[PDB]
Structures are given as C-alpha cells and as structure tokens.
Amino acid sequence: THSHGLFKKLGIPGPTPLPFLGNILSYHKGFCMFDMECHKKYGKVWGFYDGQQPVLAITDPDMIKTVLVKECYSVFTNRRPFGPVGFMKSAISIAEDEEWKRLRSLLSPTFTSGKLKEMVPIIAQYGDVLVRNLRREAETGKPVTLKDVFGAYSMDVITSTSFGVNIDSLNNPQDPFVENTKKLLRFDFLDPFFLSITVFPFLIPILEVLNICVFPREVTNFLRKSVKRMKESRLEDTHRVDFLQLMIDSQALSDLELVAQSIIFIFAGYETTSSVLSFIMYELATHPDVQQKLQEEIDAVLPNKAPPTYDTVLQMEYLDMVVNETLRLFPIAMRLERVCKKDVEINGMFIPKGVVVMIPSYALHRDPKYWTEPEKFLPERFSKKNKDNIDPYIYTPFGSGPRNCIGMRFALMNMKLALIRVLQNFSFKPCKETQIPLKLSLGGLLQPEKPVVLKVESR
Ligand code: HEM
Ligand SMILES: CC(C)(C)OC(=O)N[C@H](CSCCC(=O)NCc1cccnc1)Cc1ccccc1
C-alpha cells in the first residue's frame, strides 16, 4: 500500500521499519542515542517511522533555518499532535495555526525586559529561602538531593511571579502544588502508554471522548480550582501587570483557556529550571576549577555577597558561559519538531504534506564533526573569543524562530539568579552516592537515572 514506502520512494536513507512498530524498537537505548547513531550512520538527512508516522531527521544548518524560521507560518507551524490533551488543547505549546498565533502575541508581552525586572525583587526573596534551607542541610554534612531543593525554589518562583501568590513552598517541605506537578507527565516508552499512542495514534481521538489524559483529571482538578482561586484575588483588589493579570486583560481569551496556559507555565517553569540547575551543579561539582572561577566572578561583580540585580546578572559572562555549556550537554528538549502541513521543497529537498520534520538537538550538540571533544564539559567554548564560531542552528537549546521557547529569558534569569545566591554562600562537592560519570535515563525526559546527590559546604 504505502506509508512505510515513503522514504525509499523519496530515496532518503534510514533504518528499515518493522510493520506497525516502525523503528520504535530502536528507542531501547533512548532516542537521543538512537538519533546520535543515525546521524553517524546516515549523514545530514535521514527518515524513520514512529509506528506508521514518517519522521524526517535533518541536520543541515541552512535547512534548519528554513523550517524553524523562513517557513514557520507557511508550512511548519505546529508540532506533532500530542496525545490525549482534553481542554489542554488550548495550551499555547499544544495549540495550532491561528489559535496559536493569537495566544503567542497575547502571552509574549509577559517576558519583556521590564516585566522580568519587576520579577527581580520578587525572586530576590525566594533566593534567600533557598540558602537558609541549604544552610540547615550544610549542618548535617551528609548528602543533598538538588532536584528537591531546586524544584521547591522553582515552584515558589513561578507561582509568585506569574500569579502574585506566595505559596511558601520552601518553608513547606510537604506541598501539594509541587507533588502534583512532578506527576504531570510519566512520558516513558518503557511504559506502554505514550508508546501505545505514538504507535496507536488512532487511539488518540478514542481517548478524547473517554476524557482520559496524560494527567488523568488528578493534577488538573487541583489547578482547575487552585488557579480558579488565584483568579478571584485580582478580580477583587482594584496589582502589577503579570501573566495572571495579562490574561485577565484579554477577558478574546476564555476561561479554561486561561487555566490551560497557567498549567503549561506552572509545569514549564518547575521541571526545566530544576532539571537544568541540577545539571549545572553536577558539572560545577565534578569540575571544581570551574566552580571557583565562577565564585570569583560572582564575588568580583557582587562584593560582600551582594544581592544580585537584573543589570548585574547580565554582566556575568562566565556564568552565561557555564549555563550555555550545560545546556549544550543537556538540551532538556532533545529534539525540536515541526509538522509539515503542505508539500514543500526546502534547500533542494522534497518533503510531502504530513511528515514530521525533526531537528535532533541532542545529536547536533554532540556532533564529533562540529564540536572538538564533544562529551567534555568545556565552558570556554562559549567565550567572546570562541562564541561566534557557533552556529545558532546547530546550538539550539531553546529552539528557534517564532515557535521558540516563550520562557527563555525568564529561565536564564531565574537560573542565573539562583546559582548566584547558591554559590555566593556554598561550594558543592561530589560524594560516594554521586554517579560519576552521570548516566541519562532512557525515557522521554532528559534526566539523570540516579538523582544528583552532592555535598554542601559553607564559605
Ligand atoms: C532551561 C529552561 C528551558 C529550556 C531549555 C526550554 C526549551 C524549550 C524548547 C527547546 C522549546 C521548543 C521551542 C522550539 O521547538 O522551537 C520550548 C518551548 C516552550 N517553552 Fe521552554 N524551555 C525552558 C524554560 C521554559 C519556561 C520557564 C517556560 C515558562 C514560561 C517555558 C515555556 C515554553 C513554552 C510555552 C514553549 C512553547 C512555545 C510555543 O510553541 O509558542 N519554557 N522550550
Ligand atoms: C502539557 C504538559 C505541561 C504536561 O507538558 C508538555 O508541555 N509536554 C512536553 C513534554 S517534555 C517535558 C519537559 C522537558 O523536559 N523539556 C521541555 C520544555 C517544557 C516546557 C517548556 N519548555 C521546554 C513539553 C514541551 C513543551 C514545549 C515544547 C516541547 C516540549
């Protein structure tokens, strides 16, 4: 018939698909590894099939600019359909075509230089609570789980910035806001579920009517009333122009359409920030020279363990180098994807309506062809002297083009703002429980398989 015939017929190379599964079984080593191997084997372009769905992997920087930038609105506007979303259909990251265009520009005003600057003092409160929590754990001497302390900070930041609600999470070890969020996705291919959709996608519209989800009305009802609650607050006291505010501004934004974005943003700013800071501390711990060289810049730009400011945060060139370099090793997203909504030729390559075009970020970031010593943590590769030798289309930890990460500037600041405080008070040391080297899990979340547990000493 067809479907599986597509890449042989187009003469694009790739792994031979099995009936029904496609190349699904090759995800056994995780898909970054699968991607790494494909790159090595097939070169600049290749195809494969998630079940019956053709995916075209592309690695040329030109071709990548075309799909992410030059042809975003015209052909490549949406990501692959998600799996049973429900009312989350309207969440910006899941929305398509014109629905997305109106939400993008209704929400993009949230992350503007001035807005972040107003979040600066707000975080400079949750900064202090991170340390005072850590200082109690520097007493014992025995091992700290970064994901836990950092996850509780990030929660605090997002709930407070976007919403104006101080939920005190750092002075609340037991908290439902964080414990429901972390259980929002079990994206796992060893788990039959997301596996039994990206191979049984015909079963997606089956699940819509069954009202079943990727967070089964367990997490979403918490926030369906918890964000219904933060919503009344503003509608009552005749303050600040934030996320929760600028969504109240538009009320053509509806009600479950407001919640949906909140849920995105609550999740997004909890799981990323915390996963990346965990990665940064792992690298700083296992590279003490780099940890110090940074403690030095922080001390130089901010003497007497001074309170970080917006302006000073952008001064710290080595910090940014450290962050970018961790994000080179751990692009938390792994791949960027854009469904091709009409037949198209790009940079001299035919691509048929319906195909998913995929940019393997994790592979590009590790390309032995492009990066000298690509598995080594080498912050110096992002120096003024070297930074420009770096292709914004090979290095893409935040995606690119109109559909790139709405949360980028906030994330970078948020992270930098925590790191500053954390390092201007403590040093981090590997202990016996620390996994050296760090190995990644095989799920669809770029994560360490053992949590990063380190040692904390005062200064
Ligand atoms: C280190 C932290 C973060 C990283 C590495 C990251 C990375 C990414 C990537 C790679 C994408 C896809 C963009 C594309 O494919 O072109 C993305 C999209 C997105 N990110 Fe993030 N992100 C981070 C933090 C955040 C935060 C804190 C928020 C919350 C404000 C956020 C909200 C989003 C949204 C809403 C999208 C979808 C954008 C759209 O389709 O309009 N991200 N992010
Ligand atoms: C809908 C829900 C909030 C449950 O989650 C997602 O949006 N689904 C995607 C799965 S990846 C999980 C998070 C991660 O490790 N990295 C990516 C990320 C998440 C949020 C914001 N920025 C980056 C998440 C997703 C969202 C946008 C683009 C691609 C993936």
# chains A, B, ... in the order shown; residues from 1 in each chain; ligands from 1
>>> residues_near_ligand(ligand="ligand 1", cutoff="7 Å", atoms="only C-alpha atoms and all ligand atoms", output="PyMOL selection string")
chain A and resi 68+92-93+104+264-265+268-269+272-273+276+327+331-333+336-337+397-401+403-408+410-412
>>> residues_around(residues="region 245-260 of chain A", least_positions_apart="3", cutoff="6 Å", atoms="only C-alpha atoms", output="PyMOL selection string")
chain A and resi 88+90-91+241-242+263
>>> write_last_selection(atoms="N, CA and C atoms", output="PDB file, in the first residue's frame")
ATOM      1  N   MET A  88      -6.648  21.002  27.566  1.00  0.00           N
ATOM      2  CA  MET A  88      -5.280  21.453  27.348  1.00  0.00           C
ATOM      3  C   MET A  88      -4.950  21.669  25.880  1.00  0.00           C
ATOM      4  N   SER A  90      -5.892  23.954  24.215  1.00  0.00           N
ATOM      5  CA  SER A  90      -5.732  25.402  24.092  1.00  0.00           C
ATOM      6  C   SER A  90      -4.433  25.899  24.697  1.00  0.00           C
ATOM      7  N   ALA A  91      -3.711  25.029  25.404  1.00  0.00           N
ATOM      8  CA  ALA A  91      -2.436  25.417  25.989  1.00  0.00           C
ATOM      9  C   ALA A  91      -1.549  25.862  24.844  1.00  0.00           C
ATOM     10  N   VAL A 241       1.301  44.058  36.545  1.00  0.00           N
ATOM     11  CA  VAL A 241       0.824  43.582  35.252  1.00  0.00           C
ATOM     12  C   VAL A 241       1.656  42.339  34.955  1.00  0.00           C
ATOM     13  N   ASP A 242       1.119  41.176  35.310  1.00  0.00           N
ATOM     14  CA  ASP A 242       1.818  39.900  35.081  1.00  0.00           C
ATOM     15  C   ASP A 242       1.069  38.941  34.149  1.00  0.00           C
ATOM     16  N   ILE A 263      -1.343  26.131  33.629  1.00  0.00           N
ATOM     17  CA  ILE A 263      -0.794  24.787  33.819  1.00  0.00           C
ATOM     18  C   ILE A 263       0.477  24.617  33.025  1.00  0.00           C
TER      19      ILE A 263
END
>>> residues_around(residues="region 120-131 of chain A", least_positions_apart="6", cutoff="7 Å", atoms="only C-alpha atoms", output="ChimeraX atom specification")
/A:153,156-157,170,309-310,418,421-422
>>> atom_distance(atom1="atom 20 (C, counted along the ligand's line) of ligand 2", atom2="CA of residue 161 (chain A)")
16.6 Å
>>> residues_around(residues="residue 347 (chain A)", least_positions_apart="3", cutoff="9 Å", atoms="only C-alpha atoms", output="list in words")
residues 62, 63, 66 and 350 of chain A
>>> select_by_dssp(residues="region 80-299 of chain A", states="helix (DSSP H, G or I)", output="count of residues only")
149
>>> closest_atom_pairs(of="region 14-79 of chain A", to="region 188-193 of chain A", cutoff="9 Å", atoms="only C-alpha atoms", output="CSV")
residue,atom,partner,partner_atom,distance
A:27,CA,A:189,CA,7.9
A:28,CA,A:190,CA,8.1
A:30,CA,A:189,CA,8.7
